[PDB]
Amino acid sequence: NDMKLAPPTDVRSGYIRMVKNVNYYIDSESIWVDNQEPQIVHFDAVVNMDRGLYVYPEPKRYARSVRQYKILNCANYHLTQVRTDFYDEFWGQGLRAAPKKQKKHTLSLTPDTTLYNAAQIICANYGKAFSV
């Protein structure tokens, strides 16, 4: 209490920063385009946080960041949250802790949100070679 964090303002290489959330990044190495349907793209989002989350078995230990596995369908902008892991270092690495069960859901993305601008960037470089 309150265990606040000052998240890094220097962007680690390979990480693509979002406009709306300056602590929300796409991990560039993790991007995988689907072989069967090229419009489907899998990627990790990484969030460096404001406040340590004590999610670990040992409660002296707090996560500095989240790594979330996402699946994006560039045709309809449906975004599936697959998975979430907690890391004790920034940039989704370090000692890992995951929730007891994974909450999974698919959203239909709308304009003017962080996830939707993420999609715009992904689908313009990954699904296809350009935007429209």
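One-based numbering along the sequence shown.
Here 114-122 and 16-24 are compared by their mean Cα B-factor, and 16-24 comes out higher. The stretch 101-109 shows the higher mean C-alpha B-factor when 101-109 is compared against 27-35 in the entry. Remark: of 96, 70, 61, 78, 61 shows the highest value [criterion: C-alpha B-factor in the PDB entry]. Compared with the other modelled residues of the chain, the Cα B-factor recorded for residue 91 ranks in the middle third. Among all modelled residues in its chain, residue 66 ranks in the middle third by Cα B-factor. Among the modelled residues of the chain, residue 41 sits in the lowest third by CA temperature factor in this PDB entry.
Placement of the Cα temperature factor of residue 49 within the chain: middle third of the modelled residues, per the deposited record.
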